[PDB]
Each structure stands twice: as structure tokens, then as C-alpha cells.
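What follows are C-alpha cells for two forms of the same protein chain, given separately as structure 1 and structure 2.
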Structure 1
């Protein structure tokens, strides 16, 4: 038994929607009314204390048009025989399971009209297929569906928890403790969680993320969120960055903290309320992009990636290099991992001429894959020429020549990135940040704003 999907046709803010499910579902978003009414739809399906009051006039979509409320839940009941819950649901049914090789089982809610006696009359049915459903046999005030499930609702037998906004009047470390108790522990096998706090998602795994969109009409995006085997050692700082990234609409994926220093200076000199409108700067370091990108893509969040063209030397060999910054974007568009590039380099002068011939080989590599770079730029993936300091030299290079007394300011900024980045931020004006922001190689910051 594993919760597959719930079909909410007619309810307070729903028309013909499907939400895919698994166990441990998490709903979040900016529409508070849809996050309330999703848990109210689950309480009308599976709790006696909400279903015994019936339907009012307020819980209809249009009050005279499409007057048939249906909630259908999908269970997928064929599983291995050592599971207790599969036997506990198949023992209660008698003729609702018709053929023993069937796989899918439905719990179908139906309602009648409201125009006479001002009442809903919720009617619940069982069966293995959608046509020829059979009524659930009850005798008094207790249905036979109520002898299977149990619902506990938390606000500040197969057991389904419903936790609504647990961060209210709560400290930060208690929210991280509640996140660790929710996902790592096996106390809560089935829940549905609504939250506004990113500290309640610092340890999340094997879960559905449900994002409710910011529109007035309810749009639901669902993702089967997992952390893979190679990502398990950098897992919780990835979850700490991504849990703050889940409450945004437009997210820029950067690498360094000095990039955050420079871009945040350019942002509060140009667009000083980017954090109010839904912008977020996400630091991604030392990993590939596609675990972030599949999560934000299936949750409907626009992902913008700014990256540099890096050359990585491998272990045990000298003079052979890997095309790392190409291969991350090739993994993002689903293509295969590229081959080895070897460069024959002498001893030469090691301080600057080796860096200059590596920059010239990166310039030739950026030249001969120009249509692939445009393909990446076609989306929100932006690959730099050599680095971002050399893209910064093409915009404010006279300013970098007049702040520092050195002749070459790019090498002086690359000698110590953080302290000379703070010295570049401190002697900077408004027109320099507009020269950075208006440039064609820093277009992605405009894609962070979008207005």
C-alpha cells in the first residue's frame, strides 16, 4: 500500500485537479487558502468529525454550476505479504476486491446537490475499478472505512497525521528538531505537512514536495524528492541551502561567497528590493547542478545558473585536463560526459605564462563550442569565458585600474579574492554597478529580477 494520487474535482478552490502523492507529503506555498483547503479536503475524506457535519454552501466551487463533489484516493494495494497495512486493508473488504490479480484500489467520495434541505449527504464507495463501484456497508453512525484509518490533526489502524503550521511561537532549534523527528524517525509513516519556515526542511528525504503557486487559481506542482548515494556526504548543507531556496520564485545559482559580495553590492545599488519580490542567491559549490535543477524544475521554480569555464586536472597524471564546466551543463541537458583534453606545457614561467596559456586554451575551447554555449544561454544556463573576474574586467576595468595602483587588477583580485573584493565593493559607485548590470555577460542578474 502506497498513496498514489488524490483527485479533488469539486471543492472550495478546485476544478479538476490531480495531485500526485507518496508517503510523507509536504505542502508549501504562498496561497494560504489552498494549503488550508487541501487539509480540509483530506479531513472531509478521512475524518468522521468533519464528514458528520456535511457540506455547507461555502464549500462548493460554483454554488449552482458543477454541483457534484468527488474526492477519489488511489491506494495501489498490491504489495508483499509481510506488510501489515496491506493485509489490514484487504481483510476489511469482501466483494470490493473482485479479482485477486488486481492492483489498484479506490476510495471514492461523492456528494449530492445542495438546493433542497441545505445539506450535502456525503456518500462513500469502494471497488477495484472506477466503473461499477459498490457502496461501503455500514450499520449506524460508524462507516466500515472508519474501521481502517485514523486521522490526527495538529494545530498550535492506519494512522495519518496532519500538521498545520508548527513554527508558530517556536524557536529555531525546535523547528530543526521537529524536522529531524519528522523525516529521519519512523514515528510518522503517513503525514501531510504545511509550513512557512525553512528550518523545518533542513533534513528532508523520501518525500513529496508540493508547491502551491502564487496565483489566485490553485496550481499544484509535485516532485518525488530524494537524495542519491553519491550526494549523501554533502546532504544537509544542500538541504539547508535548498530549503531557503524553496520559498522563492526566481533563484540564481552561484558558486563563491565573493560572487555573493559583488552581486549583492550590484543588487542594492540597482534593484534594492529583490529579496522582497522573490529573488534568492543560491551558493552551489563543488557539486553538479542536476539534483537542484530536477527539484526546482518539477516544483515549477525558475532556475538561473551562472558558471565559469573551469579546467580540472586529474589524479596520478600530469598535462591532461578535464572539461568540468562544460560537463556540468552537458549533464544538465542530458548529454554524455566528454573526453579528456591534454595540453603539452613546459616548465616556462610558472607564475603568469602558464595561467595565460591556460586562459588561451580555455578561450579556444569557448571558441570551438560556440553553438553549445548559445544552446545553454538559450535556457537559464550561462557559461563564462574564462572566469567572472575577466567578465568583470570588460565592464568596470577602468574603475579597477583607478582603485588599485597595480597595472593588472585581475591578477591582484585573483591573488586574494575576498579581501580585494571587499576593497572593490568599498570604492564603488552607482554607475559602476549599472555598468556591471547593463552588460551582456551579466544578463542573468536581470533574469534574477525579470522586471
Structure 2
């Protein structure tokens, strides 16, 4: 059967939380204290080597008050029919079942009065609902819960694994083999994985993802990850560890966006920001996964032009039409753009750059809910609104009259030329500019 819920009330970080669970569920976050204490919350209920020591003074919320620790595990237990897992758990709970028709089962922990005798006194109780919970009979040192479940903890009989930080003293090619053996191998059914490395998250299927937030209220969001899956997961494996992911389309934009972010603050990686190269203008294949994850996508797009196939003389918009499909709206009409054949070269592109503003001026109301949503659109490319902000400083580097002419020929080659000569006082006006609000929305400040 599957896990359903856990209700950890008065443990050392939690107040009243209901984390939804599943088999094969993976824990990540920015804090290590909450990811350690969520595994010790499972060790205090299902493992006797932690349950035999009792509760100390430290694991009562902060250190005291509201002295009733409850950990309640939910495991449903109404699959019946085929599997031997449900039979091997229903054959031992026969004094604590209300009927053979209930659909939720309860494994409840209780602990009271740490102020007297300096002991936690864990009482375990079985039942089918929160009314009429009946305590677990056990003769000596061993409960009737401990005969059934088995807990194996890893840090460098129903079996539940608990793995904390396995990539420390592990090779980076071995983590992909461990990512195969955790998920597509049928040996492991019930684990609770805590990790920090993206190579353990390459091959995932039927997996609930618990993200632990960096704030002190330690609230968790549980999302199922259901699904070329491998290239969709390998590029997004470093973006699963970030709440705020900027989606840029090319490698030369990341060269400027690394330096502009590193000249302002080193702590954008510490806050949870990430730069993701899409490699093209295909943004819909990532946000269908990030809608299910709930990761806040930030999208920067540039609009372009295209002649129609069977129609000559009218042009079909590319960037506004591909921004239309991310919201699922009705596509706009085609705009007749005329180019005379006697003028070619740069001046056809120079007239089409002014046509890119002339298709932007009367479609500003379309951008009025685009930029109100999480998609941002430029006017020609990134190389022109780079020139509209710091273009008085680009002339001394290139030693040329028109730096846009020098940059559109070799695109990625001359973005290296902007790296080796910049100042810390330079390029702060492009940081606070309104045309680069995606990098404001990444850092959250």
C-alpha cells in the first residue's frame, strides 16, 4: 500500500503540520536541521533504537510548553485482494480494527509530562480513526509495532529506508547509478531520501517531492512528480533545488547574467536563484513540468518576424505568438509587412527593427497581461536594450562607432569582450532598469 499523511504536532521544529506522503518520496531544501529532524520524527515512531531512549528536554517544540507530542502515520489499509503486504499488516492488528470496511488506518504516538522525572514516556496507540484509539499490546521490551516494520538508516518485515546525504564520499558517476537503483530497481519500495546533489535526481518516476522551506515555520509542500524524459530531467535536476528559476534562451546571455549578478551580490545562489539555459525558444516544455512542481518560472523572450509559407507579402509574428501559447489564449492575426527588393543588407534589417517597434506600439495591451504574468518580452533582442542602457560605455570598449553592428556579427565572441573590462560602479543602471526586471524578480529584492 501507499503512505498518505503524517501529523507531527509538537516535535522540535513543528507546531501543526500535515505533510502528505507517498512511497518513494524525496526531501530537499536549504536547511539541514529540518531535513534531519523529519527523519528523526520517523525514527521516533518506527525504530525501537531511538524509541527506547525516550524524549529529551530539547525535542519539545522549542524546549518546553504544549506537552503533548503526537506523531500519527496514515497508511490507508483497504487495498486487500492481491498483495501480501496488506495481509501481513492486517493479520496482526486484529484487536484494534473496528471493522473490515474502514479505509484509513492510524499509527499514533503520544508523549506527556516531561516536567516530572525527566523522561519523555512514549505511548504508541493503534486505531482506524482519531476516536477510539486503542494502545498497542506488548509483553516486555518489544511492541507489536516492532515485529512488522523495519527501519534501516544510512548516513556516511515491511522495510522502510531513510537516507541522509549519500553523496558525501561518493563519486559523481556513482550517484547516477544510485539514482537508477533508488527508483527503477524494484528492491527499494519505501524510502525517505534527503540529498543536495542533482545527479541523484536524474531518473525519477511516481515520486512525491517534499520541499522544506528556509523559513523558521518549516512548512512543506508535497507535489507528485509524474512523467524525452531524461533530457527533460537532467537539465531541470539543478532547477529542482531552486524556488526561483529564470528561463533564458541562449548561452551568451548567461555570460552577462553571471557577471551582472556577481557584481551585485554573491548570495543569489544562497537565496535560491538559478539560471537555466533553454537552448532555444521552446518555453512550453519546461513550464508544464514547473506548473506541477509549483516552481516559480521567470521567462525572458525576444520577439521576431517570419514570412508565411503559402502567403507572400504578409508576415507572421513569432515571439508574440509563442508568448500567446504559454497562457493558452487565442492567437492574433497576421500583419502585412512590405519589403522592397532593391534595398537589402543591413537596411532591410534596419527597417525591420523599426517594424518591430511598429508591431509593438499597438500591441502594448497584449503585453499588459504578459508582464503582469511571468513572461517578459523585449523589443528587438537583448543586444538593443543592452545598448539603450549602457551604450555610452560600450563605445570605449569596442572602439567602434556603432557597437550594435559589431555585436550582431559575432554574437557570443564579443560578449566575452564585455567581461574583461567592467567596473563595479559600471552596469548598476542596467541593474535598476525596467527592461531587466527578470533579474530583479530572481533575487527577490
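C-alpha atoms forming the largest set that superposes within 1.5 Å between two forms make up the rigid core. Residue numbers count along the first chain shown, from 1.
> Among 165, 114, 310, 199, whose C-alpha is off by 2 Å or more between structures 1 and 2 on a rigid-core fit?
Replying inline: Among the listed residues, the outlier is 310.
> After the core is overlaid between structures 1 and 2, has the C-alpha of residue 426 moved by 2 angstroms or more?
Replying inline: Comparing forms between structures 1 and 2, the residue 426 CA shifts at least 2 Å.
>> Quick check on residue 387: with the core superposed, does its CA move 2 angstroms or more between structures 1 and 2?
In response: True for residue 387: a C-alpha shift of 2 Å or more.
> After superposition on the rigid core, does the Cα atom of residue 138 shift by at least 2 Å between structures 1 and 2?
Replying inline: Superposed on the core, residue 138 moves its C-alpha less than 2 Å between structures 1 and 2.
> How much does the C-alpha of residue 282 move between structures 1 and 2, in Å, given a rigid core overlay?
Replying inline: For residue 282, the C-alpha ends up 2.0 Å from its position in the other form.
> By how many angstrom is the Cα of residue 261 displaced between structures 1 and 2 when the rigid core is overlaid?
Replying inline: Displacement of the alpha carbon, after core fit: 5.1 Å.
>> Once the core is aligned, what is the C-alpha displacement of residue 126 between structures 1 and 2? Give it in Å to one decimal.
In response: Its C-alpha shift, to one decimal, is 0.7 Å.
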